[PDB]
Amino acid sequence: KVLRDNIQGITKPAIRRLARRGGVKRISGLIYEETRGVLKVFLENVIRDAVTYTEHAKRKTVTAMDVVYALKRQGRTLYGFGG
Amino acid sequence: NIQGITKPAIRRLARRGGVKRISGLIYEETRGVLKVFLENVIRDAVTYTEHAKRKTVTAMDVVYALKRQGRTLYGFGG
Amino acid sequence: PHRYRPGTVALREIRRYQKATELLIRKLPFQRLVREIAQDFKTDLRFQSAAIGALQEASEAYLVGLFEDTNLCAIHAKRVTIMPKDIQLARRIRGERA
Amino acid sequence: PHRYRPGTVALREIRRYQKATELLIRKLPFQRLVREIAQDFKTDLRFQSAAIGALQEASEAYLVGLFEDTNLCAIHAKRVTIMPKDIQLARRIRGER
Amino acid sequence: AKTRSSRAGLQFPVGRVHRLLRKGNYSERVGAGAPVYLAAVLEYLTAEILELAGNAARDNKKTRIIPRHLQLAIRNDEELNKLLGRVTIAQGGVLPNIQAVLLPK
Amino acid sequence: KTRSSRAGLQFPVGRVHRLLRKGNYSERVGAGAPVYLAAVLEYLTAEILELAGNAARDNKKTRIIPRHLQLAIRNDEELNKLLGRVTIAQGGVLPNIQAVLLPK
Amino acid sequence: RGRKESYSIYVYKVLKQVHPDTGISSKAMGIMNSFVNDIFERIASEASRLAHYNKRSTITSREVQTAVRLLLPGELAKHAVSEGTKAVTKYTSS
Amino acid sequence: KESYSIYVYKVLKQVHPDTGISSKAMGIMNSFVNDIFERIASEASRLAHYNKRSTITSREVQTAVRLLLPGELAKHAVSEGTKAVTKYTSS
DNA sequence: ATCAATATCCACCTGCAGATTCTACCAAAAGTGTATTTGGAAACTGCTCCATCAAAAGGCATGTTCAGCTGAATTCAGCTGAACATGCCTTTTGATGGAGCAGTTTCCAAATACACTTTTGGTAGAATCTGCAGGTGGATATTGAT
DNA sequence: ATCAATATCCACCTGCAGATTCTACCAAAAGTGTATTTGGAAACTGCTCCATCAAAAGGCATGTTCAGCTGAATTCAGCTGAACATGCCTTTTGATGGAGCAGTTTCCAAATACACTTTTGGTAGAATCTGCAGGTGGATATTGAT
């Protein structure tokens, strides 16, 4: 089945919740689009590297270690999945 | 000694940085940041000197030290 | 009826979501987004469940930290509403786009 | 007499020092500062001339980039004058604090 | 037969750290004191975190450390925060912190 | 009859191989790896020297100085990405005044 | 099959030392395992670089030592170097 | 004491046979070659370890270039590299 | 707008000296030929673990209304920081010349690799305790209107 | 300065999902006996590095005057938060096929290990040369004023 326009599933209320945990009280209306912008560039960058590991291992399944190595490369070191 | 970094030079640094107008409190704040910088870099560079059982900080010690801090510098050895 | 003034529930929510550690993006929509972004890179590849969970932990983590920095940029401009101008400054200083 | 309006010579200075690549801190006060700081970690240390020049290249570069980010914080707060809070915000966003 | 960990008085495996130093391609040869010293530093830092995390667990009235308590221990200690400044603790949350400017005047 | 000539390169493939074996990177070094790598280093060097030579021409000069190199790195987008955390000694900054700061 | 190692046996040992009443969830054990592996890597590779800068083919407890000095913020470094030297002298008393 | 000096001068004479290069600028090129070498070599090392491989091959160097170079710089790099390896094993 | 009078910028040519480039012979690589050793490509294959489905239910997302109060836009003055002309001194050269000291060899003792042959400590998967998650209702603050 | 209107404490209860313990294996750490190489330990140069020393020229410190920028104080259209009513779609749960990860072997092709042979890149003096730096002369940019 075809996958399209999926960044729109990052709901406006969920972007609000992320901003709350961030400590933000008032949120201008354009933020929700700006946030999705940033989020996509983040995921692209990470998934791109993550898949370069999957391809180098000649595999078809993106493993959690692939993501962990990828985040490490981007200086976003993640604990709690790493082995 | 840190007060030896004169305001006409901190002025020039902000000029190269693109700064048009400068608060008077800047110069003290700038000397503070610069001190934390040399402090961190030199502490590392000298740790490299001591490990190499030397008495002279070599330029490569400063380079390796700057790399550790993510301030990679070209033109002195690496 | 009752009515809380603009801001009171805002602060109620900051207090609430800062006390928690749950993920704030819905699992399925995030998973769809991730599979699309991956699909438009390599074709018919699988995902370990843990790798989508790693992507989501890292992503919510990233965005929440970006909101902290964004908020300080808004306060710094004597405002309380975060705007795109603020995010673009926060990222610019971080190095992420400059 | 003749006199330039406030703001004009500032932009003249920006256009000049961005055109140049010379170091902007006087060499000797800097050297004094470096050995003064190093004395606090190891005593009676000598420095390769290349290492004082490298430390100065690196730190002046650092400060110019910090001033760029500072200037942007000044602008962002509808100002033109950089203040200590601008430096403090720039460093806080960079991770240095 | 005595394990090197007990010979050095450690709970961490000195044999395993020594094996991980050769298989990791860090140096052509590995001295005999390196795995001991390293296993000691790792065991120390593990202890130092576990201490503060157990404390944070007790404060929340819990007997088992969850990722939150680990995040609390890391983020309230200045030096562990510096050491884990670019590290993200999954399921860890943030520290409660509301900017003063935003509070009910 | 060397290896660099066999690969049609100017960079030392033999020396790159020795630096890889001796760098403590892996137990064994494949035979094609140092070739491949020396090729990537030569290419990137060419790309920079090209752009910096244009900065040298454009500045009416014959000898490439650090300034021309920094102009070449920061005015080009992708080399800027690649050396974003590198400081080019004696390099200066790119001329750039924020519009907000200009007369009238 | 196939068996995969971790540090959980040792992290649990040190946990019952500092807080003998508390236990640890597996998600938090994974976070700890991640931390030991991260710091292992940081130390071993900074030490690798030390031995290489000084043209020495061997990483000794001294390389690990200044690696810790370089890499750990103070006081954590002081206390670390202390327990490390302690364990290495005690070791070499056969 | 070694350097990359004569090789940078050679490649300079290919692209710009008319122009020459300052000494400080040659040092900068040297630092650049050493840096890129380090980044690529160590990324390739990690590739090998992550997959429990014992040898660094051109396959690893390649995936290293993909990860490290912002393609399009990477596209041209991978080209220049496979090209030089193909010509090497021909002869 | 320009008219005028500062001062600033900008080429065009200039001549010398600090560096560049080019020559001229030597150890340390690097290429070569042969012999061993082996890392991981190739080929089945057990078998987790992933994609996908169905179904039901209630947790949240969507959209709409209404207005509190925030952000923007404005006016205004005190005052801070720029431009300068002034006056003095600290930085900058420039060898000079002695000396700490980073770099070199060369024995060889101590430390490490290494090749095998036992001897466990660790790990996977049963089995067996036990927090605490996620309901529940009281008491306690906290808000926000009158 | 009151009371309602709600939110947010907290403490208490209790089976179940996620620990903790209890187990045989067996991979790998440990013990021992040679083989290799390691990186100090004295012995001696040559560098670069400190250190005075001693003019000139800058480039800094400092005062004075005010242009104009930063903060404050207002005003207000309207954006964004709070509350709702609706009903969609995410979640939860449990089942099944099968792709493809990952444990085994098997066996060449490709790597390592010597051992000499051969070439190259680095040095340190010899033969150029680009560009700094300084010199007018002419448009340029800036800021006063009918």
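Every residue number used here counts from 1 along the chain in the order it is shown.
Backbone N, Cα and C atoms are what each Cβ position is placed from, and that goes for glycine too.
Record features (Swiss-Prot):
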- A:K1: SUMO2 cross-link (CROSSLNK)
- A:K12: UFM1 cross-link (CROSSLNK)
- A:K12: SUMO2 cross-link (CROSSLNK)
- A:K40: SUMO2 cross-link (CROSSLNK)
- A:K60: SUMO2 cross-link (CROSSLNK)
- A:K72: SUMO2 cross-link (CROSSLNK)
- A:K72: ubiquitin cross-link (CROSSLNK)
- A:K12: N6-(2-hydroxyisobutyryl)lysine (MOD_RES)
- A:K25: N6-propionyllysine (MOD_RES)
- A:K40: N6-glutaryllysine (MOD_RES)
- A:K58: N6-lactoyllysine (MOD_RES)
- A:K58: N6-succinyllysine (MOD_RES)
- A:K60: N6-propionyllysine (MOD_RES)
- A:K60: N6-butyryllysine (MOD_RES)
- A:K60: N6-glutaryllysine (MOD_RES)
- A:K60: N6-succinyllysine (MOD_RES)
- A:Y69: phosphotyrosine (MOD_RES)
- A:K72: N6-succinyllysine (MOD_RES)
- A:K72: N6-acetyllysine (MOD_RES)
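Sequence features, as recorded in Swiss-Prot, placed on the structure.
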residue	record	Cβ contacts under 8 Å, 6 or more apart
A:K1	SUMO2 cross-link	none
A:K12	UFM1 cross-link	A:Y32
A:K25	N6-propionyllysine	none
A:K40	SUMO2 cross-link	A:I7
A:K58	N6-lactoyllysine	none
A:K60	SUMO2 cross-link	A:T54
A:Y69	phosphotyrosine	A:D49, A:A50, A:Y53
A:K72	SUMO2 cross-link	A:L78
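In sequence order there is nothing to list: of A:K12, A:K40, A:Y69, none of the recorded positions comes within a CB distance under 8 A of chain E.
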